[PDB]
Amino acid sequence: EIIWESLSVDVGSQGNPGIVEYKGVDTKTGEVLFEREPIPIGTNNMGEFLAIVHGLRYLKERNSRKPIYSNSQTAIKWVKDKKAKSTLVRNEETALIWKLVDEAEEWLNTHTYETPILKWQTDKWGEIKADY
RNA sequence: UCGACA
DNA sequence: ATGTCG
Ligand SMILES: [Mg+2]
Ligand SMILES: [Mg+2]
C-alpha cells in the first residue's frame, strides 16, 4: 500500500512562525533530492506548501511520473486549490516567504502536471520519510 | 462546542 | 504553545 516509487516532502521549522526549511527525499532510499535553504520567517503550512510545489517542479523538470507524499492536509488542499490561504502577517520580515508563495501559486497557474499528491498515512506507517 | 492534519 | 481545515 505505500507507493515506494515516490517522492516524500516535509517541512522543518524553528518556531512557528519562525525559520522554515523543507526537503524532498526518495521514499524508497531516503536519499535527499532537494533541501531548501532556511527561510527566516514562515509558517509550517507555508513551508509544507512550498515543499509540495517544489516537488512538482522537480519531477516535471525530470519527466518523472512519481507521486508526491505529504503529511500535511492543509498543504495538499492549498496545492489543489492553487491558493495558499495563509494568514501570516505581511511585513519586511515575511516578505521573502510571501514572495515564494506567490511565485509557487504562479507556477501552479502556468504549468500542468499529472503528479498524484498523496497523503502519507502517519497513523499506519510511521513518520514520513522526509521528516526532520 | 469540538474534531483532525501536523 | 501555533498554523490551518473539517
Ligand atoms: Mg509534513
Ligand atoms: Mg515532520
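Worth knowing before you read on, the calculation uses all heavy atoms, side chains too, and leaves out hydrogens, waters and symmetry mates. We name chains A, B, ... by the order of the sequence lines, and we start the count at 1 in each one.
Rounded to an integer number of Å, the gap from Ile76(A) CD1 to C5(B) P is 12 Å. Protein atom CZ of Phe49(A) is 17 Å distant from nucleotide atom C1' of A6(B), rounded to whole Å. Atom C1' of nucleotide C5(B) and atom CD1 of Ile117(A) are separated by 16 Å, given to the nearest angstrom. The separation between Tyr22(A) atom OH and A6(B) atom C1' is 19 Å, rounded to whole Å. To the nearest angstrom, P of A4(B) lies 22 Å from CH2 of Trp120(A). Whole-Å rounding puts the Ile41(A) CD1 to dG3(C) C1' distance at 14 Å. We find that NZ of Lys119(A) is positioned 14 Å from P of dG6(C), with the value rounded to whole Å. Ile52(A) places its CD1 atom 12 Å from the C1' atom of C5(B), with the value rounded to the nearest Å.
Checking the phosphate oxygens (OP1, OP2) of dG3(C), no side-chain nitrogen or oxygen of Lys85(A) falls inside 4.0 Å. The shortest distance between the side-chain N/O atoms of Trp78(A) and the OP1/OP2 oxygens of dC5(C) is below 4.0 Å. Neither OP1 nor OP2 of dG3(C) sits under 4.0 Å from any side-chain N or O of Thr74(A).
Ranking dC5(C), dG3(C), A6(B) by closeness to the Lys77(A) side chain, first place goes to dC5(C). Taking the side chain of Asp10(A) as heavy atoms from C-beta on, and the options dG3(C), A6(B), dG6(C), the nearest nucleotide is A6(B). Nearest nucleotide to the side chain of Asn71(A), out of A4(B), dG3(C), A6(B): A6(B). Side-chain proximity of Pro17(A) to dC5(C), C5(B), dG3(C): nearest is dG3(C).
Salt bridge status for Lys99(A) with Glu103(A): present, with a side-chain N to carboxylate O gap under 4.0 Å. Under a 4.0 Å N-O distance rule, the pair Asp102(A)/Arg90(A) qualifies as a salt bridge.
Using a 4.5 Å heavy-atom threshold, the side chains of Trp4(A) and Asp26(A) count as separate. At least one side-chain heavy atom of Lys119(A) sits under 4.5 Å from a side-chain heavy atom of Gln73(A).
Cluster note: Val11(A) groups with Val20(A) through ILVMFWY side-chain heavy atoms spaced under 4.5 Å, whether in direct contact or through intervening members.
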